[PDB]
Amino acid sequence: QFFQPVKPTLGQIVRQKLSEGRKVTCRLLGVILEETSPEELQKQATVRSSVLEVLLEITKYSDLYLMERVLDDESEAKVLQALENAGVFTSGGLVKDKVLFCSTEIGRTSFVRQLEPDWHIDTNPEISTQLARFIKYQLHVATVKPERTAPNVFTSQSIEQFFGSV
């Protein structure tokens, strides 16, 4: 009735799944960008339109740090312009200074262990496995679940599916 139904907004769903995790690290390739390798970033960078709503709700609630392995300086610029093209930077949300770049996969583990987020989002299983010892929660984004994930490493096909639903 007026008194006995309910319906949550996307922000409430995202914040619920975050489970008070107000500091988050997340890679770029595949999970936020359509590109799937640093070599592609030398040609173009494109924010996934399907990740945008959930991504913005995360930035309003959580301190967010994006990070990615790149091969040159021009790739960094292409990435930053892509994030801006999609409006990912907002007052009260993500700032351009909190987008990090490295040259090695394991370099991301150094970023995360320094930042000590509540959540890390990645696709490399060796990184998720290595960080489960240190990071409270992780989302491992993959097509198929690894045969073995840590009990504090959750798996899904996309950021928007895991945090954007219940």
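Throughout, we count residues from 1 along the sequence that is shown.
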- Item | 157 to 165 versus 3 to 11 - which carries the larger mean C-alpha B factor in the record | 3 to 11
- Message: Tell me which stretch, 42 to 50 or 110 to 118, has the higher mean Cα B-factor listed in the entry.
- Response: 42 to 50
- residue 145's Cα B-factor: lowest, middle or highest third of the chain? highest
- Note on the structure: So, residue 72's CA B-factor, relative to its chain, sits in which third? The middle
- Among the modelled residues of its chain, the C-alpha B-factor of residue 35 falls in the third labelled middle
- Note on the structure: So, residue 86's CA B-factor, relative to its chain, sits in which third? The highest
- Grab the CA temperature factor for residue 124 from the record and place it in the lowest, middle or highest third of its chain. middle
